[PDB]
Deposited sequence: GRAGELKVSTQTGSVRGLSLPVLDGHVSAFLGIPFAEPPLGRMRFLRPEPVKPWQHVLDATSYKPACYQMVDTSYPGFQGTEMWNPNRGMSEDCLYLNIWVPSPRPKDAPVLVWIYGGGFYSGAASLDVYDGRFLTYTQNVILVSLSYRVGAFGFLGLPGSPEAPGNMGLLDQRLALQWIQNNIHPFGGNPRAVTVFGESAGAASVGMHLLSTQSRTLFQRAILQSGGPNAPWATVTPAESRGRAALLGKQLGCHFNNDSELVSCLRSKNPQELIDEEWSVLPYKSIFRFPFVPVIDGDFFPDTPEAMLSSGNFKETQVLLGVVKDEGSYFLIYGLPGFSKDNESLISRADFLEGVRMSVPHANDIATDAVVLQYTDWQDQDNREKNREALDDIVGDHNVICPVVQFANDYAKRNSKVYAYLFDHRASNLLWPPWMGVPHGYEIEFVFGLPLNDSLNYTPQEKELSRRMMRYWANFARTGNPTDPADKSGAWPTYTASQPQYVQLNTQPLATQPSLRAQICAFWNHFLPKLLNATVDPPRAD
């Protein structure tokens, strides 16, 4: 210290030395990039942080943004690993940074945008700890925090009291901060590669798409998510209907549009969270209440329309999915599903499960989903019905938006690289039926298998080391390999790679036939009925 002291455009920062394997790294945690959105500043745009004097304690993570916490199994890591580990508060706008030792000069910078369907998440999660990527890949790992729920996305377009995309603005404000302050940490702002999972990847994609938020980075990684996902965006008319119902549920009396926001700004943060899910219009799964709204400024149209027309940042993209995307979401609503049983659902249950997966669908569209996912030779097989729902939910919400993104991106000669994480853990906490579930590639990307306190196989250490290299090499080169073999993806050649405890193998089609149903035909059907 030495390396534990950093002076930036906004103030001075006190670090922390952290040992990693045979060496160590430096960490700076709880660095604000904005002012606290409290009282009358709640639901507003993020105000940039007022510079401080003198040195700020950046030795501890700060609390996560107020959110709905998953209390389904309080004594289970499978659910608990995703919950806030250092508390919750409205004052939550902080970024965390991991720097190699000795401090580099112009090293690559990876910025993590966490998932949680815009209603949850924390940069402080153990699964997003940057220690291993920083030490093994000699890379700078930054993790930002962004408001979630009504607090981050209460949509009232036009109104300044709730501009609608407040959460993606918080993300933007952090990206703006990284540019103006990462070189004193030993990084290169010319090599800022943004990356995220689920809503995090939707956010990443919403940064490749929006206007004053595409110069803020060089490259992108979208893990198990896309901005054009059905759960990712909302109609300004719906976001308004949602905001008003929140008021009515909380016993508000309002005439004006800003008369609403005033009433909500008074209600306790838990009072609001406890009513947040009652706004959803249908009995559904993978549908989140307060999410990004197409306003007219941040979103000049829909991400679908934007990706189609090409209104975006043309740059290198690494994309991919897990073997079982849907399985996590099934156990949060669908009849007959549990992690505590085989979830051998009846034909009756399968049908109601389809209706909950395509909730905005009319009877003819539901019939189409049932046609593709039914074995017309073996209709009453409870194992096929379970596998079929896991596929509907995975395809509709995750894999198919990703393939449309990947096709629309190569519809510009952009080098797009696609993976499939399909190695299932030797020590996974979920039942066999759930396969390789949503979010379980992250621990491999972040180097967790290298930790001897975590009980992983030496074969799992190898794959983590490899994925860390691929992620780093892409952030460096724009090609996740080194010549002495991972190919590009186009709408024409939809090749992808298998990430597992086996040598990189190549596969030709990343669900092209089925995603043609979801992306080409299913919308067309609704435009005709």
property	result
Sequence ranges absent from the coordinates, based on the deposited chain and numbered from 1	1-2, 487-490, 536-542
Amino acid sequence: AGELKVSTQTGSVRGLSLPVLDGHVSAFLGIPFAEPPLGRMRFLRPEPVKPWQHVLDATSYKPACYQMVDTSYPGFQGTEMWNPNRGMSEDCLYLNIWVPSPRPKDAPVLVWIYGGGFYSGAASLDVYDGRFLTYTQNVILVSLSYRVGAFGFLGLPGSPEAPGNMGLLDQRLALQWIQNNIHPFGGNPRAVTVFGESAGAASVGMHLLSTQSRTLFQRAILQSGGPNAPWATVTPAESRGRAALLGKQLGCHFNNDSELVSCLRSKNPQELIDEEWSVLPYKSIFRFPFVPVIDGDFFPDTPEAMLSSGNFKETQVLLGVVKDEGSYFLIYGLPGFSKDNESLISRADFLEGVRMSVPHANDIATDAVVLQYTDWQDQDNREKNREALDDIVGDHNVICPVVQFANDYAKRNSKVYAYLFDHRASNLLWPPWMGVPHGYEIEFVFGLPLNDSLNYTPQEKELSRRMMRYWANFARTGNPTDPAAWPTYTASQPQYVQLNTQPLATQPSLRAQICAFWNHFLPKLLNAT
From here on, numbers count along this sequence of modelled residues.
property	result
Mean Cα B-factor comparison, 406-414 or 224-232, giving the higher one as deposited	406-414
Residue range whose averaged C-alpha B-factor is higher in the record, 461-469 or 44-52	44-52
Top residue by Cα temperature factor, when 426, 136, 213, 453 are compared in the entry	213
Selection from 335, 158, 326, 115 [criterion: highest C-alpha temperature factor in the record]	158
Residue 207 - Cα temperature factor, lowest/middle/highest third of chain	middle
B-factor third for the C-alpha atom of residue 193 within its chain	middle
Assigned third (lowest, middle, highest) for the C-alpha B factor of residue 287	lowest
Third of the chain, ranked by Cα B-factor, where residue 242 sits	middle
Position of residue 397 among the chain's modelled residues by C-alpha B-factor, lowest, middle or highest third	lowest
